[PDB]
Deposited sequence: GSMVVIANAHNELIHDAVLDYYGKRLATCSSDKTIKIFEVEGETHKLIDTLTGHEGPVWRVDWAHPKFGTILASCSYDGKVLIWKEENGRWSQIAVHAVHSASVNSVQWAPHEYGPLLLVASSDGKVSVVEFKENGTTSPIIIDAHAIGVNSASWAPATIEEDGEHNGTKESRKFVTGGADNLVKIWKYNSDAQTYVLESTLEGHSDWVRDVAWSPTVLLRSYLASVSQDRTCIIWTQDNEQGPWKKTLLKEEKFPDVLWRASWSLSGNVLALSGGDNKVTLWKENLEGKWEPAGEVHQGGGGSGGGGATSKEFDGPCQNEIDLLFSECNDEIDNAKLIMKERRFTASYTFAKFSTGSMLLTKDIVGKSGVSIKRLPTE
């Protein structure tokens, strides 16, 4: 009836490719690594190096070894690697001059490719190559600041990714061989406030599925039937959600969408009739019977902030301030 919780200001978490390694990052500048087995989480190492709140973390594909990517408000991205049980920092990606808000590895087919979004208004793509053919591609995306960037599924010029800025816009970028960089292929203007997160669905059918989440308390599903055709705008539901939406995540199959924010619970959404979206599920020292405050004012984060992410093996990890790791992981059949 009355619960005493730990300092769970965890901002992000990610489950590796099998489901044996969990990583969480928080506002207290620390990254934790958990050994996942069954329904219990074993802390094994605390990674330190960031001089500010850590916003995101993302595992690389196991075919590159055990590699973790983390980004922070300190404007830096850190690449961590485990060698014979030894966790060591093996890279510093500090090209951005402002809070780095998101990081995500590309589809393995492209290689050890990292996508980065920053409040400095730019997006960087760095192919780390262990033995050293490594130059970064830097792009101006959302002058007023980029909040999130997400890769598109694999099918060089076929490489694509979506971004969401503090200018209320969603932008789609494709790689151009002749230009030697990613170019703006589309701009979408559905939202009336900060786009908190954008997610490109891995589903492989006719249309392309795209989900944008905004500070205006609405979610938009973007669709594209033919590869060069326009982009259709479709509100998830007709009316606004009670509160701010923070995150969106597509399951690796079954095309199910997981929303963080809006209602007081992580809500799932599936599409079962042409262009109709409906709820398909849901998920639910301080006693509730420092500077993180300021940085969150500028970052416009509130107390109702939460996250949720789909993972291979059909898993969904959500924020749970009561767990040992502060994260819950439920396997979820999605078809």
property: Regions left out of the model, expressed as runs of the deposited sequence counted from 1; result: 1-4, 160-169, 299-314, 320-333
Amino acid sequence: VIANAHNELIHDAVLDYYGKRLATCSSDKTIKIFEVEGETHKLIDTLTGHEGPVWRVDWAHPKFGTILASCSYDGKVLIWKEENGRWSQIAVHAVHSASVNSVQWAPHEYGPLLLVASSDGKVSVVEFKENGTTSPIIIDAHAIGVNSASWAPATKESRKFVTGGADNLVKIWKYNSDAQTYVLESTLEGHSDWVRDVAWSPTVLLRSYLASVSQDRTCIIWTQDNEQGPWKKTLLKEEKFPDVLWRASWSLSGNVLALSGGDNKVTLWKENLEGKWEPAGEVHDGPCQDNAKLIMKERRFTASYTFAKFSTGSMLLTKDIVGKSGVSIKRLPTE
From here on, numbers count along this sequence of modelled residues.
{"item": "Between the two ranges 302-310 and 42-50, the one averaging a larger CA B factor in the entry", "value": "42-50"}
{"item": "Mean C-alpha B-factor comparison - 77-85 and 145-153, higher one", "value": "77-85"}
{"item": "Residue of maximum C-alpha B factor among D120, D197, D140, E189, per deposited coordinates", "value": "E189"}
{"item": "Highest-ranked of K171, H93, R207, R217 once sorted by CA temperature factor in the record", "value": "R207"}
{"item": "Chain third (lowest, middle, highest) by recorded CA B-factor, residue given as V266", "value": "middle"}
{"item": "Cα B factor band for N291 (lowest, middle or highest third within the chain)", "value": "highest"}
{"item": "Where the record places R247 (Cα B-factor, split into thirds across the chain)", "value": "lowest"}
{"item": "CA B-factor placement of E278, once the chain's modelled residues are sorted into thirds", "value": "middle"}
{"item": "Lowest, middle or highest third - CA B-factor, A179", "value": "highest"}
